[PDB]
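Analysis of the macromolecular model
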Amino acid sequence: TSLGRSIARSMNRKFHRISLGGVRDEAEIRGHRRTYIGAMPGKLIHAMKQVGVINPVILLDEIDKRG
Amino acid sequence: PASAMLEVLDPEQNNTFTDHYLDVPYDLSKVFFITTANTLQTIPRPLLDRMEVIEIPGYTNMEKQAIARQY
Ligand SMILES: Nc1ncnc2c1ncn2[C@@H]1O[C@H](COP(=O)(O)OP(=O)(O)O)[C@@H](O)[C@H]1O
């Protein structure tokens, strides 16, 4: 994960870790249908919101660990 | 609501944070929480990374006698 900041600082691009692995369904990666009550977008586009640029760097941690 | 309370754990993002009902910048940075946890396995990895763990061993009957008598 420190390599993430090293590479980002080499690129001078914004870094933002996204906490995955503990998820269970598909409707959280991509926002569920607007029709279902309490519709919220997927965590990804949340990270895209957090950054103010179109070319940030995103780290996808520990992917190797009902929807 | 992980990031919902990461945004209040870290005093830097609360400089101009606006809640969905108040919609006005406010500085919630002077608070420094100390928390107690019952189970640690279910706590998210980023949350466990930013806190230092302190473990309470337990109690003995000899200690409990004095605890009850004096406290
Ligand atoms: N050679 C090294 N130089 C600098 N930091 C190192 C080195 N080896 C290990 N570290 C440190 O190890 C830690 C690993 O944390 P992290 O990258 O979050 O781990 P993980 O990728 O397993 O989640 C970082 O604080 C990183 O700086």
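Cut-offs and rules
- Residues numbered from 1 in each chain as written, not as in the entry; some residues may be left out.
- Chains lettered and ligands numbered in written order.
- Part of a larger assembly, values for the part shown.
- Heavy atoms only, no water.
- Buried < 20%, exposed > 50% of the residue type's maximum accessible area, 1.4 Å probe, protein only.
- Helix = DSSP H or I, 4+ residues; strand = E, 2+ residues; numbered from the N terminus.
- Pairing = 2+ DSSP bridges.
- Right-handed = clockwise from strand over helix to strand, strands pointing away.
- Salt bridge = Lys/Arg side-chain N within 4 Å of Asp/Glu carboxyl O.
- Near = heavy atom within 4 Å.
- Polar contact = N/O pair within 3.5 Å; in protein donor to acceptor, adjacent residues only side chain to side chain.
- Areas by Shrake-Rupley, 256 points an atom, 1.4 Å probe, with all protein chains shown as cover.

Header annotation of the entry names cryo-EM as the structure determination method and lists the resolution as 3.4 Å.

**Looking at the pairing of strand β1 (residues 15-18) of chain A**
Residues and elements named next belong to chain A. Every second residue of β1 is oriented toward a common face, the buried set being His16 and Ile18 and the non-buried set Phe15 and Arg17. Across four bridges, β1 lies against strand β2 (residues 57-60) in parallel orientation. Its bridge partner lying in β2, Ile18 is registered against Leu60. A crossover links β1 with its parallel partner β2, the connecting element being helix α2 (residues 43-50), and its sense is right-handed.

**Quick look at the pattern of salt bridges**
All names here are of chain A. By the definition in use, this model includes four salt bridges over all chains. Notably, a salt bridge pairs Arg17 with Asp61, separated by 2.6 Å at the nearest N-O pair. Residue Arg17 is found in strand β1, and its partner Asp61 is found in the segment after β2; the two are separated by 44 residues along the sequence. In this structure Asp61 comes out as buried when scored by relative accessible area, which is 8%. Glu28 serves as the salt-bridge partner of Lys43, at 3.6 Å between the closest nitrogen and oxygen.

**Observations regarding unusual backbone geometry**
The bulk of non-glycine residues show a negative phi, and the bulk of peptide bonds are trans. Phi at A:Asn12 takes a positive value of approximately 55°, unusual for a residue other than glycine. Take A:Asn12: it is sitting in the loop between α1 (2-11) and β1. Since its relative accessible area comes to 70%, A:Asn12 is described here as exposed. The backbone phi angle of B:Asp23 is positive, close to 55°, even though this residue is not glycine. Position of B:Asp23 relative to the elements: it lies in the loop between α1 (2-9) and α2 (45-49). Looking at B:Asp23, the relative accessible area reads 54%, which means it is exposed.

**Thoughts on the site of the ligand**
Residue and element names in this part refer to chain A. Surrounding the ligand, one finds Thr1, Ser2 and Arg17. Between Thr1 and the ligand, the recorded distance is 2.8 Å, taken from a backbone N or O atom to an oxygen atom. Note that an oxygen atom of the ligand is positioned 3.0 Å from one of the backbone N or O atoms of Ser2. Protein chains shield 22% of the accessible area of the ligand, which is 570 Å² for the free molecule.

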